[PDB]
Structure formats: structure tokens, C-alpha cells
Amino acid sequence: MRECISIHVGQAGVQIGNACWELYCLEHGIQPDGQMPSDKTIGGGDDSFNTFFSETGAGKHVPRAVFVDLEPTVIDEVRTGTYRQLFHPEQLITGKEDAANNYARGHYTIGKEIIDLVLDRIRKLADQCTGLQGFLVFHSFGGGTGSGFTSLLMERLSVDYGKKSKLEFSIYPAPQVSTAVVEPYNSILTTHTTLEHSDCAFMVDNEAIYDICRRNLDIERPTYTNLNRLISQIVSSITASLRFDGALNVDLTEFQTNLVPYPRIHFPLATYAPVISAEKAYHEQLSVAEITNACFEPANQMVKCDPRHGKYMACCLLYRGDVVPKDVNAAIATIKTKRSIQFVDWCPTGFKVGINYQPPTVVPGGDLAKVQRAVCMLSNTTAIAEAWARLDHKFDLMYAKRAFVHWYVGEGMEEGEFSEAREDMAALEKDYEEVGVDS
Amino acid sequence: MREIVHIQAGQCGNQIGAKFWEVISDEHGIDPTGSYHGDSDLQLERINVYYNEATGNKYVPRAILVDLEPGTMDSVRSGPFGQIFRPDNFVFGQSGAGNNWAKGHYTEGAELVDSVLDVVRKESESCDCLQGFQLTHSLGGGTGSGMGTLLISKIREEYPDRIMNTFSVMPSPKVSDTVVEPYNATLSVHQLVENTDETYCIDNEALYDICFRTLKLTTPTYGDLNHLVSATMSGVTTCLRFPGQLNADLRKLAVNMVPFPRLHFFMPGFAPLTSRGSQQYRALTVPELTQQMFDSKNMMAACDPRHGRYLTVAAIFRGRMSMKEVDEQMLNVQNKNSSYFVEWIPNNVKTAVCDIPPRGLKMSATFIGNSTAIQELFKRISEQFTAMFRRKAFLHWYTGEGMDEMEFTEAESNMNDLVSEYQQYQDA
Amino acid sequence: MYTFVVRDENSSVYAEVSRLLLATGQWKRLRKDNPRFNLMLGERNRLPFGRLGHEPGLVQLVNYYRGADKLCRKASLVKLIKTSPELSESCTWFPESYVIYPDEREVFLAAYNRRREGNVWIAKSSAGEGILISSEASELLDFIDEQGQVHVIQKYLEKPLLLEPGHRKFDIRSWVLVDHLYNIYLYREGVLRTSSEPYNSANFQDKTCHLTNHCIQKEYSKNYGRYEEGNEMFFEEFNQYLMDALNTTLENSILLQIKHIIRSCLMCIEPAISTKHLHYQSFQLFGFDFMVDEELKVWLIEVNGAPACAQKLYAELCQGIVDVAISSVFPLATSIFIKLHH
Amino acid sequence: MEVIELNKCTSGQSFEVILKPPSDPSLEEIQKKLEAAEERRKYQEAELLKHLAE
Ligand SMILES: C=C1C[C@@H]2CC[C@@]34C[C@H]5O[C@H]6[C@@H](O3)[C@H]3O[C@H](CC[C@@H]3O[C@H]6[C@H]5O4)CC(=O)C[C@@H]3[C@@H](OC)[C@@H](C[C@H](O)CN)O[C@H]3C[C@H]3O[C@@H](CC[C@@H]1O2)C[C@@H](C)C3=C
Ligand SMILES: Nc1nc2c(ncn2[C@@H]2O[C@H](COP(=O)(O)OP(=O)(O)OP(=O)(O)O)[C@@H](O)[C@H]2O)c(=O)[nH]1
Ligand SMILES: Nc1ncnc2c1ncn2[C@@H]1O[C@H](COP(=O)(O)OP(=O)(O)CP(=O)(O)O)[C@@H](O)[C@H]1O
Ligand SMILES: Nc1nc2c(ncn2[C@@H]2O[C@H](COP(=O)(O)OP(=O)(O)O)[C@@H](O)[C@H]2O)c(=O)[nH]1
Ligand SMILES: [Ca+2]
Ligand SMILES: [Ca+2]
Ligand SMILES: [Ca+2]
Ligand SMILES: [Mg+2]
Ligand SMILES: [Mg+2]
């Protein structure tokens with residue numbers, strides 16, 4: 001048993017983290033009190049779930065997590081929430097004033113005054129670990145804290161934990177739910193600074209999640225709560241192998257090994273199915289074939305892009321529920337001769353498959369319906385570079401006029417960092433094109 | 001939890017200041033005695049942004065009332081909510097400024113400015129995390145214009161890392177015929193361009209035309225104008241005092257609205273446009289709110305938006321309505337008139353929605369635009385300025401207070417530069 | 001009020017389409033870099049498909065199919081026909097072709113040895129001129145190495161159908177419109193780009209009776225426009241010729257094969273380029289070029305992704321594009337096409 | 001079309017299917033960046049106070 005520590009930064013990180021740990025408790029049968037009746041070994045043990053939960057003598061299971069926000073308003077809800085007894089106050093860290101949607105303010109100005117505090121709080125969790133694997137870091141691209149402080153934290157983590165793995169869960173900005181015109185700036189800046197420090201990052205476009213909620217959950221105007229409960233399902237599907245008994249993706253290092261051939265190109269595309277509304281009176285349960293096929297539909301992806309016009313470097317299929325290998329292999333056979341699936345020449349056309357018999361756990365009173373089988377596909381395709389293209393184009397439009405730049409320079413950041421970050425993104429697009437494009 | 005300190009200076013500043021406080025006090029369920037009788041718990045969630053507390057649960061407005069004469073501040077005490085204000089926060093002189101910028105900024109005002117900052121300092125010390133200041137004043141007079149900008153400069157010197165926001169009433173020959181107002185306004189704008197992060201251009205020219213042409217008021221009063229000003233100030237501060245995601249604090253607002261430091265002068269807008277004491281029988285739909293708030297006749301700046309381009313826009317819808325329909329309507333406006341929005345600032349229109357509506361309305365919409373068309377306003381002021389200054393007319397009223405002609409030339413040059421900067425981004 | 005942008009000023013076809021949309025008074029042209037559009041008349045190269053379909057409140061449509069270049073590149077088309085099981089060697093309407101780099105060199109040489117034991121071929125690339133016809137492989141290989149980019153070696157149809165009087169070669173251009181639903185519409189009006197100089201089996205170097213390009217016929221020919229105006233014969237005349245000379249019809253002897261080939265090519269790549277469930281929609285106009293031998297067998301020569309149109313046919317075709325490819329998605333306030341059902 | 005590494009347990013199982021074969025900066029440097037940014041802030045504010053003093 002090797003421990004995993006989750007770090008939630010900024011509003012998006014915290015609120016998404018709330019949803020995840022709520023789902024984890026339900027999945028493992030852990031109460032809001034922290035008590036877990038099915039845990040026969042009191043005050044310790046090295047089970048699979050212990051990778052995410054530590055134990056006390058009173059039989060309390062507390063998440064190996066730290067919450068960090070430069071403003072107190074969001075984490076205050078966690079301090080007074082239904083899961084207040086779950087975390088001990090040390091894990092919840094807040095400042096007085098936030099980064100004001102300004103990367104430079106979160107990274108340089110404010111970030112400098114709380115970084116040592118956060119690291120010391122993280123060091124206390126590490127000391128409780130007999131064999132730490134690394135970290136899972138949740139944050140937005142667009143926020144000043146999610147972007148600026150996170151990149152500072154990742155740099156410090158590589159220094160204090162040079163051997164540990166670090167995975168990202170990143171929220172890609174979407175106008176339909178965005179709160180700042182400079183999010184493209186913040187996204188490029190944090191991606192540039194974090195790139196060499198992250199081993200595998202799962203991007204989630206709010207646009208994709210928003211439309212899925214509208215389209216499949218029939219929600220007219222999706223809220224963060226709507227978005228986050230869906231996001232938590234995807235995150236749960238991905239972390240399930242670390243929290244349960246299995247042989248696929250048992251440790252953080254496996255994610256890089258199975259999904260990331262090239263270090264810089266560490267952004268796997270997540271696709272999830274099925275998403276069914278709980279408001280629908282009854283529902284025809286989808287087969288293994290149907291949910292698998294849906295993994296190659298752009299409308300089910302966490303990032304809208306066209307994998308047909310890119311190449312695959314790796315593909316992992318994560319099933320939860322009533323699934324046997326036989327039906328999966330048959331589903332893949334049908335799909336392979338039906339859809340356009342091209343791998344890079346230096347890679348085998350294959351799928352790594354993991355099955356967890358336990359069906360997806362849903363939040364009681366939520367909008368997602370209970371299904372007997374679900375799947376999350378993790379595919380490293382060059383098609384996700386479309387998201388980099390879009391983001392970089394919006395960057396160029398504003399930066400050409402130097403719009404809003406004075407806000408960053410005012411925080412101590414040099415203008416030269418903009419072009420440096422942008423040129424790094426420019427090389428990143430080229431890398432993707434080299435791998436996935438021909439004549 | 002992040003406190004704002006409010007300052008009102010001069011006759012206009014105190015009149016619109018008081019009218020602002022009684023309106024928001026109402027919206028937050030606060031009576032003239034300073035006690036909370038509100039039913040909703042939303043009214044109290046962020047009420048610390050504008051109010052302080054005390055034993056017996058007394059909510060005291062974090063406001064400082066300033067003037068070089070006692071007259072207008074006497075009116076504030078007498079009529080409600082005159083007694084909600086902290087008595088020691090009344091700072092006033094006796095001499096007056098005589099509609100003279102120089103007197104407010106250099107002579108008369110200089111003598112009173114220190115006692116004002118002492119009160120500002122005491123308020124700032126009570127704040128867990130001060131975010132900035134908001135000033136209400138006019139630019140045409142002497143105290144609000146001259147002493148107001150002196151205060152802004154001295155406040156910035158002591159709080160250089162805080163946001164400075166102002167509600168600045170621009171002078172109009174239709175409302176006031178005092179001949180030196182263009183001098184006072186031009187001197188003030190010079191100051192604002194340098195020392196504020198956000199300035200709402202509340203134009204008496206536009207306020208008059210709305211009352212005359214739309215509200216059909218043959219002889220509008222200042223009460224009528226302040227009715228429009230009050231509704232606007234409530235609308236533009238909605239995202240600051242209620243639970244929200246967009247522009248929740250002064251700095252985030254400035255970061256979304258101000259792409260270049262000098263271009264921080266906003267055109268406010270509102271719908272529906274109503275008159276005081278006049279009950280509207282039919283509430284507007286989401287489509288109607290959206291069309292009206294973008295209508296040139298609903299702007300408080302007296303500039304034609306069609307004559308320029310929007311750099312950034314903030315929209316606030318209040319009342320119980322469909323978020324879906326609001327999103328649709330705000331989308332079609334941009335898609336219908338995409339040419340008027342600069343293309344080098346993607347998604348430059350942000351929308352917020354608050355469930356709690358203003359008094360007397362089931363729903364309304366407030367518009368905040370950073371448009372290059374605002375150049376027309378400064379261009380109007382500049383012409384009135386040069387007509388007199390090219391002959392040095394009435395200048396002795398200022399040189400008598402120690403000012404030199406060069407200070408006028410510099411102010412004029414800066415405002416003209418501001419106009420040209422707006423023009424260059426209008427042709428980008 | 002619908003909105004569109006133009007990113008290809010050189011497109012004569014979509015210049016006319018742009019004119020018609022404005023004439024409706026229900027369309028508005030925006031700056032070419034304004035993202036809030038309904039319709040994009042995109043560029044020919046490196047069209048940013050990745051930025052489409054990400055504008056909330058807008059249904060976006062573009063006049064190109066991402067990936068359709070697989071069909072509109074000479075090297076790409078050859079590889080497509082061979083590898084695609086839907087086509088494969090079960091394709092009897094595509095001349096024997098090989099891709100050669102300055103690779104199927106050995107396979108082409110092996111084919112060249114068998115033909116020698118009618119052995120005339122033609123070398124050409126996607127990048128007027130730039131073409132060489134020869135009976136000797138060494139001449140062709142030297143040219144491919146002489147040139148820079150990749151070329152395609154294809155069997156030259158030695159026995160083409162010849163128009164009389166004149167004894168002259170020719171090719172057929174068919175315009176095909178594929179809409180967002182992947183309906184395949186064949187424009188009823190096609191055109192025959194004819195050669196003016198009589199076909200000569202002996203001399204290949206005098207490329208004017210062998211190449212039927214409109215530019216070459218007006219720059220290397222002295223008989224330009226003598227037989228037909230602008231060396232362009234349309235279906236009504238050609239149909240009458242086939243009836244008088246061969247007692248057959250255009251529909252029966254040729255058009256059936258053309259419709260078959262068109263349907264085959266486009267159905268093959270459908271799963272790769274279809275936008276049915278995409279966040280943005282596509283349509284595109286194609287230019288198919290065919291050859292006909294003396295036995296009235298139709299051959300596919302190539303497919304053009306950015307085709308022009310015949311002068312007389314611009315008004316009708318461009319209007320049809322608006323009716324079927326644009327107004328079908330953005331409705332306003334008998335058909336000239338033949339729907340190739342599938 | 002080959003299945004490999006089939007692992008089974010009570011919670012579920014995993015395997016791999018092949019359809020076809022193939023054809024950091026130090027703490028020192030970080031401090032130097034953060035303090036260099038802070039100095040640029042201090043300089044910018046110092047100028048503002050100097051300008052306001054004039
Ligand atoms: C009279 C008075 C006396 C009193 C003056 C109040 C005030 C407020 C302060 O700002 C300054 C102004 O008002 C200054 O006002 C000036 C004196 C010094 C005084 O000096 C200062 C201070 O005095 C006088 C005016 O400008 C009054 C205006 C003038 O239009 C130009 C006149 C037509 C003109 O006579 C013929 N061409 O209609 C009047 C139209 C305006 O009436 C006022 C009400 C009438 C006005 O309340 C309402 C507003 C909302 C309005 C629309
Ligand atoms: N999916 C999802 N996205 C969120 C959530 N909260 C914020 N976001 C997105 O995050 C971006 C804004 O960044 P925030 O995380 O809110 O800002 P921050 O990290 O708190 O940093 P500050 O600027 O200091 O407030 C926007 O694009 C939002 O759409 C959330 O709860 N769920
Ligand atoms: N394999 C072949 N056998 C006989 N003739 C051929 C041939 N390949 C090409 N041609 C002749 O070549 C001419 C066309 O050249 P080609 O179309 O390949 O180049 P191109 O793409 O620059 C012209 P377009 O795109 O307008 O059809 C035809 O008019 C035809 O007469
Ligand atoms: N909208 C509005 N404008 C006012 C009010 N009072 C004065 N003004 C305007 O302010 C200018 C006069 O300045 P004033 O504030 O009275 O002088 P001060 O006391 O020295 O600051 C004129 O242009 C008036 O039109 C008011 O209550 N409402
Ligand atoms: Ca245990
Ligand atoms: Ca590392
Ligand atoms: Ca005195
Ligand atoms: Mg925040
Ligand atoms: Mg061609």
C-alpha cells in the first residue's frame with residue numbers, strides 16, 4: 001500500500017474536491033463522521049482505500065488531502081459543510097484576499113506569502129505516509145489562484161519530492177461559465193510553468209461538461225454543482241484503480257507508463273459513458289458495446305475535438321459494473337472495423353482494459369441515474385491539441401494589443417514571460433503535429 | 001468580508017451619496033435606526049462589505065461625509081436615513097469652495113483634508129481586509145471636484161495597493177449654467193485619469209435627456225436625476241454586496257473591465273427607465289431588458305455606442321427570471337451586433353444574475369460598458385474648455401488661488417490625449 | 001440575419017455564393033477574423049477546423065470537409081483506393097497507379113516489365129505543365145527525380161474515345177455537392193474540356209492532343225474554339241453526338257458509371273469525414289474528372305477539392321449551393337441536382 | 001486479436017488486448033525569481049510615492 005495525497009487549489013479545485021471526496025465516502029461506505037463500519041481493523045491497516053484515507057485510534061478515516069485558497073469564502077463552506085468532521089483544520093488553508101483572476105498575483109505577489117505554509121502542511125501529511133506515491137492536484141486554468149499558485153506549488157513539490165509523481169486535474173476555461181476575460185493569459189502562463197513538473201494531466205473543458213449536462217441531463221442552465229458531480233464521476237473512474245483491489249494502474253507511475261510515451265505530451269483525453277438523467281421515467285440500460293462505442297463520440301469527451309484527425313499513442317478502458325472481458329473484446333472488434341482508429345507507427349494498436357464489478361456510485365438526490373455498467377476511456381490522442389490551438393489563438397488576439405498586460409507587469413511579472421510562455425505553447429503544438437500529422 | 005470605504009464630497013456627492021445609502025439599506029433590510037429587519041439571509045451574507053457592526057446588532061454604514069460647508073450635510077442628518085451614519089464621520093468646514101476647483105484642491109480644501117483622512121484611517125483599521133474606496137462627487141463644482149481629487153491623491157499615497165473607484169457626475173449646460181464648470185471638470189478628469197482604477201461617468205447631460213425625452217418631464221428636478229443615479233449605483237454595486245461569481249470585488253472587476261490603465265471610464269446603463277413615485281404597471285421580459293439596457297437612450301453617459309466599439313461589458317440582471325433565457329438574449333445581442341465589439345478581446349461580455357430585485361421592480365438590468373464612444377463626452381467637455389481658455393476667460397478666479405496657466409494647459413493636453421487613445425483603439 | 005466570413009478571395013465559385021447571400025438581405029458579411037459567424041467560406045490550406053463549433057449561441061457551418069484531401073490528392077487517392085477494402089483491387093474504374101518518391105518503385109518496375117512482355121504511362125503530381133508522358137520508365141523516373149515533390153505514375157489510356165470530326169481527346173468534369181447530412185448531389189450539368197489538335201499515338205512530346213486542360217488549349221493550340229466555343233462542349237451536344245454517332249445515350253453509356261464512381265469514393269471516406277455528430281457542420285463542392293475509352297468505359301482520373309466552374313454554369317450551380325448546402329441549415333423567410341441515394 | 005496479462009480478483013479483472021503490433025530548477029533559482037519580481041513591485045511603488053510626493 002502506497003499513499004496518495006490530493007491537493008485542491010482555488011475555487012474550482014476546492015469545489016471539485018468536495019464532490020470527489022463526497023463520492024469517495026459513499027463508494028467506500030465511509031460516514032460524514034469519518035467512521036467506516038466495514039473497516040474491521042481499527043486505527044490502522046494497509047488496505048487499498050488507505051491510499052486515500054488515513055486512520056485514527058477512534059476509528060476515523062480522514063482524507064489524505066489539503067485544500068488551499070487565497071480567499072477564505074469557499075473553504076469556509078467546507079469548514080461548516082456536512083463533511084466538516086472529515087478534515088482536521090490543518091488540512092484547510094485560506095488567505096484573506098484572492099489573486100483577482102491574475103496569474104502574476106497568485107504566483108508572485110500573494111503566492112510568496114503562503115507557499116511555505118502550504119508546503120509545511122503538506123509535509124505533515126507526507127510524514128504520515130509509509131510509502132508516498134506522489135500527488136493529485138486539482139485546479140482551474142483561468143483563476144488567479146488555480147493558475148498562479150498551482151504552478152508555484154508544483155515547482156516546490158518537484159524540489160521537495162524530486163522522485164514522487166504528480167498528476168493534474170485541470171479545468172480548461174469556457175466562456176459559458178467563465179468569470180474573466182484574461183483566462184487565456186492565465187492558462188498559457190500556468191501551462192508553461194507547470195509543464196516540466198507534471199507527469200500526467202487530465203484536462204476537463206467546462207464547455208464539454210456544460211453541454212453534456214444540458215444535452216443528456218436535460219439541465220437548462222447547469223450550475224457548478226451540476227458540473228462538479230459529473231466531473232467527480234470521471235475523476236472517480238480514473239482514481240478507482242488506486243483505491244480498490246486490481247492490477248491496472250495500481251500506482252501513479254502506471255499512468256505515465258501506460259498513457260504517456262512522450263513527457264511533454266502528457267494530456268490524455270477522457271471520454272465517459274453513459275450519462276443518464278435521473279428524471280427520466282425508466283431507461284433502457286446500455287450494453288457493453290453501446291457504452292464502448294460512445295467512447296469514440298466527440299459529444300461524450302471531456303474535451304471537444306476530433307480524434308479521427310489525430311493519432312493514438314495509448315488507450316485505456318476503465319469499466320465499472322456488469323462487464324466481462326468477452327463482451328469487451330467483441331465490442332472492440334466491431335468498433336475497429338467501423339470507426340477511424342489510427343495509432344502512431346511506433347505503437348501497438350491495442351487497449352489496456354480494467355474492470356471493476358462495482359457499478360458507479362451516484363449521489364443520492366443528484367441528477368445522474370444509477371447504471372449497471374459504465375466506462376471511462378483514457379486515450380492519449382494528438383486531437384486534444386485542438387484545445388491548445390483555440391487557447392493560443394485567443395492569447396494572440398489580446399497579447400498583440402497588450403490588452404490587460406499591465407495588470408501582470410504591475411504584480412512584478414516581466415512582459416517577457418508572456419512571449420516565453422507562448423513560444424513554449426507554440427513548440428507544444430508543433431510536437432503534437434509532428435506525432436499525428438503526415439502529408 | 002472584504003470591506004469597502006465610501007466617501008461623499010461636496011453638494012452633489014452627498015446628495016447622491018445619501019440617496020445611495022438609503023436604497024441599499026432598504027435592499028439589505030436595514031431601517032433608519034440601523035437595525036436588521038430583513039427576512040432573507042442573503043441580505044446579510046456580505047453586508048459587511050459596506051457596513052460595520054456593534055453591540056445590539058447595529059449595522060453602521062462605512063461612509064464618510066465631506067464638505068467645505070455645513071448646508072448639504074445638515075440635510076443629510078435631518079431626513080432619513082440620516083441617523084444611520086456615524087456622527088464622528090461628518091467632516092465639514094464653513095468657508096465653502098465657491099464652485100472653484102482651485103479652492104477645493106489647493107486652498108480651502110487643503111485645510112480640511114487632514115481631518116478627513118483621520119476618519120478614513122480609523123475606518124480602514126476596522127477592516128479585516130480593505131479592498132478599496134468608492135467616491136461620489138461632481139466634476140463641475142469646487143469641493144467634490146477639487147477637494148475630491150485631492151482626497152483621492154492623498155488616499156492613494158497612504159493606500160497605494162488598494163482599488164480606487166468613483167461615481168463622477170459630469171457637468172452639463174442643460175442642468176447647471178455655472179460658467180467655470182468646464183474648467184473644474186477638465187482639471188478633475190486629469191486627476192481621475194491618473195488616480196482611479198474605475199470611474200463611472202454619470203453624465204448630467206444624459207440624465208437630463210432621459211428625464212425630458214423618455215420620462216416626459218418638462219421640468220426635471222435633481223430628485224429626478226438622482227432617482228436615475230441611485231438606481232444605477234445600486235445596479236453597478238449588486239455584484240459587490242450579494243453572493244456572486246462575476247466581478248465580486250473591486251479588483252476582479254477592474255481586471256475584467258480595464259485592458260489599459262488610462263481607459264477606465266465606464267458608460268453605465270439601466271432598464272427599465274422609470275420616474276420616482278410613478279408605479280410601473282407592466283414588468284419587462286428578459287428580451288426587453290436586454291434590448292433596452294443596450295439602447296443608446298438608456299445610457300447615463302450621453303454617448304452614442306454606435307459611434308464607437310465596446311472594449312468590455314458587464315451586465316447585471318436582477319429578479320427571478322430564466323438564466324437560460326438571459327444567456328440566450330445576451331448571446332444574440334453580441335451575435336447580432338458583433339461589429340461593435342472589439343475582436344481582439346474575445347468573450348468580452350460578462351453576465352451576472354441576482355435573485356433579489358430592486359425596490360418597486362420584479363426585475364431589471366444594469367449595463368456597464370467600456371466603450372470608445374466615451375470620447376464624445378470628454379470631447380464635449382474639451383470644446384467648452386478651449387472656447388474660454390483660448391481667451392483666458394475667467395482664469396483670474398483660479399490664478400487668484402495661486403494656480404498658473406501651465407497647469408490648465410497640461411490638464412487640457414491630458415484629456416485630449418485620452419480622447420485620441422480611445423480613437424486609436426476604435427480603429428484597431 | 002445570418003452571418004458569414006470569407007477567407008478565400010481567389011475562389012470564383014464562393015465569390016458568387018457570397019454575392020447571392022448578400023442579395024438576399026438576410027445575410028451579413030463580417031470581418032474575416034470575426035469568430036461570431038454562422039458560415040465560413042474557408043481558405044484552401046490549413047483551414048482551422050479546430051476553432052469551429054466553439055461559439056455558444058451559434059450554429060456554425062464551413063464549406064470544406066476536414067480530411068477530404070485524402071480524396072483530392074493524387075498520391076492520397078492512389079493509396080486510398082488500394083488500402084480501402086471498400087475499393088481495393090475490386091476497383092475496375094481507376095487506372096493502374098503507383099506512388100513514387102524522388103514507395104512503389106519496385107512494384108512499378110515489375111508492372112513495367114510485364115506490360116513490355118501496350119506499355120505507355122504518365123507521370124504527374126499534385127503540385128499547368130509538370131507532366132510527362134513516356135513509354136520508357138527511365139525517362140519518367142529521371143523526371144520524378146528531376147522534379148522536387150512526390151509524383152504519381154499512372155497507366156496512360158492509349159485508346160480514348162475520340163470526338164469526330166477532329167479525332168480529338170477529351171475529359172469530363174462533374175460537379176458534386178455534399179451537404180451536412182452527407183447527401184451526395186450531382187450537378188446535372190457537366191462539361192467536356194476538349195482537345196483541339198487530333199490525337200496522335202506516335203508523338204507524345206507534342207502535348208496538346210493528349211492534355212485537355214483549358215489553359216494548355218488556349219496557349220499551345222491554334223485550333224482553340226474552332227470545333228466548340230472555348231473547347232467546352234456541354235451535355236446536350238455530347239448527348240446528341242453519342243446518339244448520332246453511336247446510337248447510345250450519355251446517361252446509359254457514361255453517366256451510370258460516373259454516378260457509381262462518385263458514390264463509391266464518397267461513401268468510402270464517409271465515416272472518416274462525416275460531421276453528423278460534430279460540434280460544427282461541413283459541406284463541400286467537388287470536381288470529379290473522368291476519361292472514356294473507345295469501349296465506352298468510364299475511368300476516374302482525379303478529384304478536385306477546390307474546383308472552379310464553367311462560365312455559363314456559375315449562376316445555376318452557385319445558387320444551388322445556397323439552396324441545398326446553406327439555406328438547408330439556415331432557412332430564409334425542379335432541382336438542378338441528382339441525388340445519389342445511399 | 002490477442003489477450004494478455006489477464007488478472008482476476010474479487011473486485012474485478014484487467015487485461016491487455018493487442019489488435020496489431022507496431023510498424024528542474026532548484027530552490028535557490030526559484031527564490032531568485034520570486035524576490036526579483038518583488039523588487040520590481042517595490043520599485044514601481046517607490047516611483048508612485050515619489051511622483052505623489054512631488
Ligand atoms: C434654479 C435652481 C436653484 C437650485 C440650485 C441647486 C444647485 C445645486 C448645486 O449645483 C449648482 C447648480 O444647482 C446651479 O444651478 C444654477 C444656479 C447656481 C447653482 O449652483 C450649484 C448648486 O445649486 C441654475 C441652473 O442651472 C438651473 C437650471 C437652468 O438650466 C441651465 C435653468 C434654465 C436657464 O435658467 C435658462 N437658460 O433650468 C434649471 C434646470 C435645472 O433645475 C434644477 C432645479 C432649480 C435649481 O435648483 C433641477 C435640475 C435637475 C435642472 C434640470
Ligand atoms: N467545473 C468547475 N469549474 C469552476 C468551478 N469554479 C470555478 N470554475 C472555473 O474556474 C475558472 C475561474 O477560476 P477560479 O478557480 O474560480 O479562481 P481561483 O482559483 O479561486 O483564483 P482567484 O482568481 O484568486 O479567485 C472559470 O473558468 C470557472 O469556470 C467549479 O466549481 N467547477
Ligand atoms: N492516365 C491518363 N490517361 C490518359 N489521359 C490522361 C491520364 N491522366 C491525365 N490525362 C489527361 O490529363 C489531363 C489532366 O491532367 P490532370 O487533371 O491529371 O492534372 P491537373 O489536376 O493539373 C488538371 P484538373 O485538376 O483540372 O483535372 C486530362 O485532360 C487528360 O486528357
Ligand atoms: N445628478 C446630480 N447632480 C448634481 C447634484 N447637485 C449638484 N449637481 C451638479 O454638480 C455641479 C455643481 O457642483 P456641486 O457638487 O454642487 O459643487 P461642490 O459642492 O463644490 O462640490 C453641477 O454641474 C450640478 O449640476 C445632484 O444632487 N444630483
Ligand atoms: Ca483499517
Ligand atoms: Ca519532475
Ligand atoms: Ca481658513
Ligand atoms: Mg477564488
Ligand atoms: Mg488537380
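Order of the sequence lines fixes the chain letters, A, B, ..., with proteins taken first and strands second; residue numbering starts at 1 for each chain. Computed from heavy atoms alone, side chains included, the values below leave out hydrogens, waters and symmetry copies. All ligand and atom numbering here is 1-based and tracks the order in the structure.
- Side-chain N/O atoms of C:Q154 and C:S97 include a donor and acceptor closer than 3.5 Å.
- Closer than 4.0 angstrom to ligand 1 by heavy atom are B:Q11, B:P173, B:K174, B:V175, B:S176, B:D177, B:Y208, B:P220, B:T221, B:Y222, B:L225, sorted by chain and number.
- Residue-and-atom listing of protein N/O/S atoms under 2.8 Å from the Mg ion (ligand 9), sorted by chain and number: C:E302 OE2.
- In summary, the side chains of B:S153 and B:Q191 do not present any donor paired with an acceptor at a separation below 3.5 Å, with no hydrogens or angles considered.
- Of the N and O atoms on the side chains of B:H137 and B:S145, not one donor lies less than 3.5 Å from an acceptor on the other residue.
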Which N/O atoms of ligand 4 sit under 3.5 Å from a protein N/O, and at what distances?
residue	atom	partner	partner atom	Å
ligand 4	1 (N)	B:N204	OD1	3.1
ligand 4	1 (N)	B:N226	OD1	3.4
ligand 4	3 (N)	B:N204	ND2	3.3
ligand 4	6 (N)	B:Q15	OE1	3.3
ligand 4	10 (O)	B:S138	OG	3.3
ligand 4	13 (O)	B:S138	OG	3.0
ligand 4	13 (O)	B:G141	N	3.4
ligand 4	15 (O)	B:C12	N	3.0
ligand 4	15 (O)	B:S138	OG	2.9
ligand 4	19 (O)	B:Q11	N	2.8
ligand 4	20 (O)	B:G142	N	2.9
ligand 4	20 (O)	B:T143	N	2.7
ligand 4	20 (O)	B:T143	OG1	3.4
ligand 4	21 (O)	B:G144	N	2.8
ligand 4	23 (O)	B:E181	OE1	2.7
ligand 4	23 (O)	B:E181	OE2	3.2
ligand 4	25 (O)	B:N204	ND2	3.0
ligand 4	25 (O)	B:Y222	OH	3.0
ligand 4	27 (O)	B:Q15	OE1	2.8
ligand 4	27 (O)	B:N226	OD1	3.4
ligand 4	27 (O)	B:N226	ND2	2.9
ligand 4	28 (N)	B:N226	OD1	2.5

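- Using a 3.5 Å distance cut-off with no hydrogens or angles, the side chains of B:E181 and B:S176 do pair a donor with an acceptor.
- Salt-bridge formation is detected for the pair C:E302/C:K74: a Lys NZ or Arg NE/NH1/NH2 atom is positioned less than 4.0 Å from an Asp or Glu carboxylate oxygen.
- When only modelled atom types and interatomic distance are considered, C:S125 and C:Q149 share no side-chain donor-acceptor pair under 3.5 Å.
- Side chains of B:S168 and B:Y200: no donor on one and acceptor on the other come within 3.5 Å.
- For the residue pair C:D69/C:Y64, the side-chain donor-acceptor check at 3.5 Å is not satisfied.
- Every side-chain contact (heavy atoms from CB on, under 4.5 Å) that B:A393 has, sequence neighbours left out, goes to B:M388.
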Between B:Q8 and B:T136, is a side chain to side chain donor-acceptor pair (under 3.5 Å) present by the stated rule, with each step listed? CA-CA 5 Å; B:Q8 53 192 56; B:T136 54; 4.7 Å; no

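- Between C:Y98 and C:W121, the angle of the ring planes lies from 30° to 60°, which puts this pair in the tilted group.
- B:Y106 and B:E407 form a side-chain donor-acceptor contact under 3.5 Å, judged by distance and modelled atom types alone.
- Remark: C:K79 NZ is loosely packed, at most 12 non-hydrogen atoms of other residues, nucleotides or ligands lying under 6.0 Å away.
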